[PDB]
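Next up is one chain by itself, shown in structure tokens, the form deposited in one PDB entry.
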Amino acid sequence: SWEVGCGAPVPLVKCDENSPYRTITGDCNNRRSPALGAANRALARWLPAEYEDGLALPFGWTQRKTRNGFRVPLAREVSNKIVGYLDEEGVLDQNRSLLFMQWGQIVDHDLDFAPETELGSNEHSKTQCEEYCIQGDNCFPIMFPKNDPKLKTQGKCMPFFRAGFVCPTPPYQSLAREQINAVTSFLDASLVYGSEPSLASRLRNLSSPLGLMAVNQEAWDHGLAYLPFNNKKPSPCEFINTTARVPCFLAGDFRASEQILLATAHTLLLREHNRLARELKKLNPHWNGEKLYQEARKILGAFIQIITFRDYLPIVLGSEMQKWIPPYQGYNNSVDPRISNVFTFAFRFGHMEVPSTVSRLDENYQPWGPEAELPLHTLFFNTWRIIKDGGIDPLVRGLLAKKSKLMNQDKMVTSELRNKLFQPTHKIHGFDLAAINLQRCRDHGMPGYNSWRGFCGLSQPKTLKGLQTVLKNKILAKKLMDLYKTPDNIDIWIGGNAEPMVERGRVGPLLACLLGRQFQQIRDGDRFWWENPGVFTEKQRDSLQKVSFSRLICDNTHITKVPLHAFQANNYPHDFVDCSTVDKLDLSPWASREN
């Protein structure tokens, strides 16, 4: 029946109709249905959850209950036999910079986050999911297949805890278990400011009346601000170099310090806030903090929307962009603005775009110091390499002049993430991002590959040759069906990402359909989208259309040469221009007079 009710881990929020800015939580964006898009609600289902028992237990749970008549292959076996590779030569994308990979993680972290259940803290369950590898409740461990090298050096499993879900959190029964989205579904810069108002206030400098964002007081980057430290322990950023004991950064997203370039990108966005806030004050000295914060928070929001929709999505989706994301026709309040559960896996295409090294580049874009180049795995929850070894300018340079990994059917995920992922809670650089994603698809009751081909109106192959024709890869198709036995059983993550790339893009048909459809929804379903008439003056909107990631860098670093298109492959000095050449974001149209 109409179980439209279910939702009692939530207060619900009286909406002040006339309010001219967004909520932190995303409530009230939709007037008829205010909870839509808002953080700490269920991920939308584009298709019914598919669970071993049609309730919550994930496929592969019971050593006995098949899927369509076959055992599901161990997550890690799939990783080992399909996802892995050795030779990092020839893998880099000759036309996408590292910034391409980085903006994908930024946009993702803005849109969706299903955290693990935090019941299991104040409990041994953490430690003997770890050691004993005993599957129970929300401990869903990743078992190693026969002849797995980790069998020798790491024990029997890598640990894994199930995603948080709505209404209950420990107790029984489900209409069908729906995982939570802990951040606002609207592309709203929620990774900068927060999705809970608790954390949002905590990120603000309320001392000044300038509605500035809080900055580091311990340490500075040639005068330019850093994020404030998360001063609460344990800190996995302390754990990786105790000598340095430099904690993780505090941002509106929990994951800001997962890797050193995400915290770099976060730090550019913060400075952009305070830059905007204290520039408005010059222009409009009467405006209090609450109006400096919100009016700068409103511009950062739109910057992200422009860069995403004008520069990112076009070079991800390619041929397929215009079919899914045609010109803006205005707010449709009948559009579902929610992130879907499948999208949180479609957007994980990013993982095959991450290369095995990160470089630091001097003012002539040459190797900075004698360890200019570092293995990615040494940069998980690494904040000290920024604070005690050069700042962000050397790191932002690499972002511009180093390349993304090109996704590759026989070189899918670098060993840096497939074998040497660091998890915040555990103690080894020993985890497998790829096997994690596969385990997680099952945890979330993901429909198989063909259900989603069906969904997007593409062929549902049932044969080895049917699958050879789609993946355009005799060996990949052979390897997949040796594991899954039917294309119906192939986990959506590796299904989507196995397809060749659509033209002038970096995803195959299935993922372009899933991704395109969600960004279409994120735009059309937002009352506060920057092009939506009313939100901005005409004069503001012509002055916002000239933003660039190039611009953002020039204004928030001591870097002076930048490419005109920061996402394509740009070599120094040919493709780099001076900063007096880009186009500033002019805020003349933001002048409040008086009465």
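Residues that one form lacks are left out of the comparison. Under this definition, the rigid core comprises the largest set of C-alpha atoms superposing within 1.5 Å between the forms. Just count from 1 along the sequence shown to find any residue number.
Not on display, but discussed next: the form deposited in another entry.
Visitor: Which one moved? Candidates are 216, 95, 356, 169, criterion is a Cα shift of 2 Å or more between this form and the one not shown after superposing on the core.
Guide: Between the two forms, the residue that moves is 169.
Visitor: Note yes or no: does the Cα of residue 7 move by 2 Å or more between this form and the one not shown after the core is superposed?
Guide: Passes the 2 Å threshold, so yes.
Visitor: Given that the CA-CA distance for residue 298 and residue 11 shifts by 3 Å or more in the other form, does it become closer or farther?
Guide: Pair moves closer in the other form.
Visitor: Closer or farther apart in the other form, the C-alpha atoms of residue 254 and residue 11, for a change of 3 Å or more?
Guide: Closer together, by at least 3 Å.
Visitor: Give the consecutive runs of 3+ residues, present in both forms, in which every C-alpha shifts by 2 Å or more between this form and the one not shown after rigid core superposition.
Guide: After superposing the rigid core, the shifted stretches between this form and the one not shown are 1 to 12, 168 to 174.
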